[PDB]
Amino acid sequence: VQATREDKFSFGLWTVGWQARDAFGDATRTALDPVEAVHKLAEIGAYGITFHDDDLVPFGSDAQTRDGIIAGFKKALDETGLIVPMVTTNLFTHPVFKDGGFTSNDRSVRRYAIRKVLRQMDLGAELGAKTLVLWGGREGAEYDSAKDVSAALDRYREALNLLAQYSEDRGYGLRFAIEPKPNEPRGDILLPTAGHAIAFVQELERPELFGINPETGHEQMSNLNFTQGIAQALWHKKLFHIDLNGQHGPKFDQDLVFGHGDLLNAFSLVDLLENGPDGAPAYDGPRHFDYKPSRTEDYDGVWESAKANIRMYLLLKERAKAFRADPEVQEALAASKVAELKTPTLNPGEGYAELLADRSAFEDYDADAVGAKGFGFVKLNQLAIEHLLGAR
């Protein structure tokens, strides 16, 4: 299988660039030059790169340095044909953000966090980025009495509303994507799941400019079904971006290669994004890999792992396609009545009164007889895995 720009695979500079300094040890790899990252990624088949302001320009660089770095980065994209579909801001690393950016209890930190972001929005706009991703990693708490969640939500909203105002006024045309995470690094992070993030966005001033950027491992950290969660994000039309990676349930954030965690869910996810209505994908944005090359690898291991992500996604797509094209699958789908859920429960123009008058919907209904027919779901599931396994 081969990756095309139409596949839209993107990588964050902080992914292949992760030096592997974890909570219990020192870095095992040297620093990756952004320019080299651009050439390597272009080479393995990626169509775009993303970055945190501090990933490209070292926190605290003068404008001379800053400017110089942007210029070279810009050349590299130029020469390679890579685009920057999204940019983000680092509101978690520096000690000042120890209690959050936008929701720090310290008012001065909150004003500073907004400024840091406006600036990144400027660069984003100049590089042609269309989405600003906001990961509130430090927004939350370790102790219940330390954070007033209501006030917190008011301040998160306040900051976001200003950001959309600016973008709209400067005409940047950006879309905002809130990234939910349940915990790590805070004991508990605000807006813990795709559901909480979606509900919150619905309360902003210009909600149409906001969506979510859910990450595979983030929902799996709470043992939730990532595919089902994405399906709901799609139903709401808030899937603005997506971070793909692997995780093995509730434990620290693993950030494994996509499909190296819950493989069955990785399969159902590709199927959902790709086998959309009418052949066409159900999702159109970047297929972004927010993962980390294991601490035990060297740069060889690093590039290997970058390609494994693309590879996993294309192998899965291929099997998802074959699955759906299989007449035996088509027959099992029919037997399990999966498409019957698409037919409205009520007849055309039928209301409460017509339903109340329908004796077959209750008075004359044989629940015991209907309760005994099987749905044939194990069989359909078995067909799916055989396709995944390449046994069909």
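Numbers for residues come from their place in the sequence shown, where the first is 1.
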Stretch exceeding the other in mean C-alpha B-factor - 150 to 158, 74 to 82: 74 to 82
Would you mind comparing 267 to 275 and 182 to 190 for me and telling me which has the higher average C-alpha temperature factor in the entry? 267 to 275
Of the residues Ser336, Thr50, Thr28, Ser61, the one whose Cα carries the largest B-factor in the deposited record is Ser61
Per the PDB entry, maximal CA B factor within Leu314, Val117, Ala125, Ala197: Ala125
Name the third of the chain's ranked CA B-factors that contains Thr343, choosing lowest, middle or highest. middle
Is the Cα B-factor recorded for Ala282 in the lowest, middle or highest third of its chain? highest
Please place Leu389 in the lowest, middle or highest third of its chain according to the CA B-factor in the PDB entry. middle
Once the chain's modelled residues are ordered by C-alpha B factor and cut into thirds, is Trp14 in the lowest, middle or highest one? middle
Considering only modelled residues of the same chain, in which third does the CA B-factor of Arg206 rank: lowest, middle or highest? highest
